[PDB]
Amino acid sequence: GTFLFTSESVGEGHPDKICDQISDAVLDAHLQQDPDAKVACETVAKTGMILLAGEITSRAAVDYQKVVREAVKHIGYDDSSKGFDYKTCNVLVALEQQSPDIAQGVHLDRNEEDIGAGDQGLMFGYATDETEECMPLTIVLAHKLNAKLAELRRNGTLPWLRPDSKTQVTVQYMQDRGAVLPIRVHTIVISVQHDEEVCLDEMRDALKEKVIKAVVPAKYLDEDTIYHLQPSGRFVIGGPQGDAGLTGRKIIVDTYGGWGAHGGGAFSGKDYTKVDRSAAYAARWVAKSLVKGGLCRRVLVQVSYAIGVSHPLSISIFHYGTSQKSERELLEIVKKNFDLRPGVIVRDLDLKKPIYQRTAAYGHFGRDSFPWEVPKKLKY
């Protein structure tokens, strides 16, 4: 009845995550001035370069140089010794207006509640009762290990740390009537960029004592747990210098760490009309509402859309055998309690608010009581 499952997370300075945070800093800058901004901002990062590419139609006047550099400063890349510096990097902009053909088919001359989906696509929401926040333990622990590295870097405890990091956690689970129960941590990987002076033994000792022990409960760690700490042996070159980053290349880290399912759409740099983000947030909200409402212990929700059409084309629910209700019954409850048109999701989840940069590291789900994390009281 036991099995292993692995998930990973990355830090704020991982190059792909830098791009997600910059794309959402650009989105938030537009929404601060124009709540109805149409934004599709992709970011690319390589040695010394941030490139913004995409489509924005907005009444805002945004200083992209300032917005980009402030996001990079927050992450911690502030000196050429670290491989990247917000003060002196190149910021290139290739942003055009939203295609008028998309605009006419999606939102022009449409009542807000009846706006079409901004694209076709499929999206999933997932929730599990294995943690209070209704997220898989593998991904929660992986995110917390990266957050702990950033905390110790920022407080000067481990001054050799740099912003680029990756973690990976394998947990041994027990199957429990469709639900899953974590038993123990089988393997942990941590790789983090570091300065030239610190030795490997000092880093491995600190990663075990100050990072892992400060995050993972001792009850999950035993004599058999395997640790791969700085497994490459050297990670001085990092950030965009070590690996090109792009927006929307960490979509599994952003969601459920491999659990549930994913429809392929990226979240960062997109306004509410792009259902890749708004409908995935709404599907998480539905899934978490079904679990917190006591209808299931674990659930997956799929929705899909066509560009220009407001109502979802399909809606499906899988409860893994953890509900006494059938899928037909759960779908009826969802129909009576939720309206998954993008023009209604925007109102329910307050999706014109400029809080998106806060979602772009450490996962979009299971944190900070964002609107999609506050369960809806269900009537049935």
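From 1 onward, residues are counted along the sequence shown.
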{"item": "Stretch exceeding the other in mean C-alpha B-factor - 214-222, 138-146", "value": "214-222"}
{"item": "Segment of higher mean CA temperature factor, 175-183 or 87-95", "value": "175-183"}
{"item": "Out of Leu295, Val301, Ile251, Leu122, highest CA B-factor residue", "value": "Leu295"}
{"item": "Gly258, C-alpha B-factor rank within chain (lowest, middle or highest third)", "value": "lowest"}
{"item": "CA B-factor ranking of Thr359, expressed as a third of its chain", "value": "middle"}
{"item": "CA B-factor placement of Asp20, once the chain's modelled residues are sorted into thirds", "value": "lowest"}
{"item": "Among modelled residues of the same chain, the CA temperature factor third for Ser80", "value": "highest"}
{"item": "Chain third (lowest, middle, highest) by recorded CA B-factor, residue given as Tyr272", "value": "middle"}
